[PDB]
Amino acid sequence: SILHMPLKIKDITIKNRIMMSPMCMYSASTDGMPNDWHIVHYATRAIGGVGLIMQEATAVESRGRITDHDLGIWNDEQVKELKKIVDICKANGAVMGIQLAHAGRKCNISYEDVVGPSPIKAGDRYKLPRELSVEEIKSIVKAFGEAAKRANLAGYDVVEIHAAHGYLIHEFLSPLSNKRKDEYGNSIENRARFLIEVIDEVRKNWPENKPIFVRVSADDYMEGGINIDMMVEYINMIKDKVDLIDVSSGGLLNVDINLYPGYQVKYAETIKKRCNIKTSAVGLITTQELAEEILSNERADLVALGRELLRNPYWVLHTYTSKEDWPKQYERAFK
């Protein structure tokens, strides 16, 4: 299958084209520490043959968590514990990625120091965010850098910057949430500035031979917000600094959209073609058939599975055509 073809990005070789999409498990301590639940959860999909396991949103500051049961990488003590996830997944044959995240105004911890580009709530249940100063923005850029340094110490192969789903970076990118009139607002170049500074600071702290991904929301599904043309312009600003765009949509504000298998694939293909950059496709993909169509028609370079890998952790094993491709311990169960 084309899904079984390797993809080399810088010095990292991913053995197949399936990525486990980053999915929060809301199972960490309030100190952001992983536990045996995470270790088993990720190892299971490594065992199941996933090429690239992207760890769930891991907060670069405590106020950048979504919930107070999220994973963190805002301090050095978290490194030794996250390394346990990295080591077991790599031992079982996966490339390990980490999604570096900051929830911004969508931080749902009522007691946290919630921040954003402009003082507008994510919704009625949320705390009003403090409007960030330029000084504070610089400190958050620094925090992404330190998180990348820690990720490298923990042994992650790939870093992803979470610029999607209504969180901090997306909030700067969208005119619907960014009403700033300083150097981080108004013009498209200014709205992109925070993302660009984060990328630059991550690269200062990330080995040049390891890849950087960026996850984006390619559509806000709302007049005056991000649309595919706007996202194409943003990706063109950063394509010389990052390796692959993990293409999603939505999350900034509540919107009813049409959901169906592959509903975000056109965004992935459009970015891939217009920007000439590698992309990942995600969204209601569950079958080998659709995954193969996406890859073979060159609509994306990787296929990300989220919910399908929650219910069906060995999806990739079931696509193999010989028992020798299975874990030796499970060879006898090949059909």
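Throughout, we count residues from 1 along the sequence that is shown.
Notebook entry, point to check: Per the entry, where is the mean C-alpha temperature factor higher: 31 to 39 or 46 to 54?
Noted result: Higher mean C-alpha B-factor in the PDB entry: 31 to 39.
Note to self: Please compare 71 to 79 with 163 to 171 and name the stretch with the higher mean C-alpha B-factor in the deposited structure.
What the structure shows: Stretch with the greater average CA B-factor: 71 to 79.
Note to self: Among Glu223, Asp113, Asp157, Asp246, where is the Cα B factor highest in this entry?
What the structure shows: Among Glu223, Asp113, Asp157, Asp246, the PDB entry lists the largest C-alpha B-factor for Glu223.
Next item on the list: Using the entry's values, work out which of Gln99, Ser217, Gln264, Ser187 has the largest Cα B factor.
Entry: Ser187 has the highest C-alpha B-factor of those listed.
Next item on the list: Check where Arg65 lands among this chain's C-alpha B-factors and tell me if it's the lowest, middle or highest third.
Entry: Its C-alpha B-factor belongs to the lowest third of this chain's values.
Check: Can you tell me which third, lowest, middle or highest, the CA B-factor of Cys24 falls into for its chain?
Finding: Lowest third - that is where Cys24 ends up once the chain's C-alpha B-factors are sorted.
Margin query: Among the modelled residues of this chain, does the Cα B factor of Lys272 put it in the lowest, middle or highest third?
Written below: Answer is middle: the recorded C-alpha B-factor places it there.
Next item on the list: Using the B-factor values recorded in the entry, state whether the Cα atom of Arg180 falls in the lowest, middle or highest third among the modelled residues of its chain.
Entry: Ranked within chain, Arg180 CA B lands in the highest tercile.
Margin query: Is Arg125 in the lowest, middle or highest third of its chain when residues are ranked by C-alpha B-factor?
Written below: For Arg125, whose C-alpha B-factor we compare with every modelled residue in the chain, the answer is the highest third.
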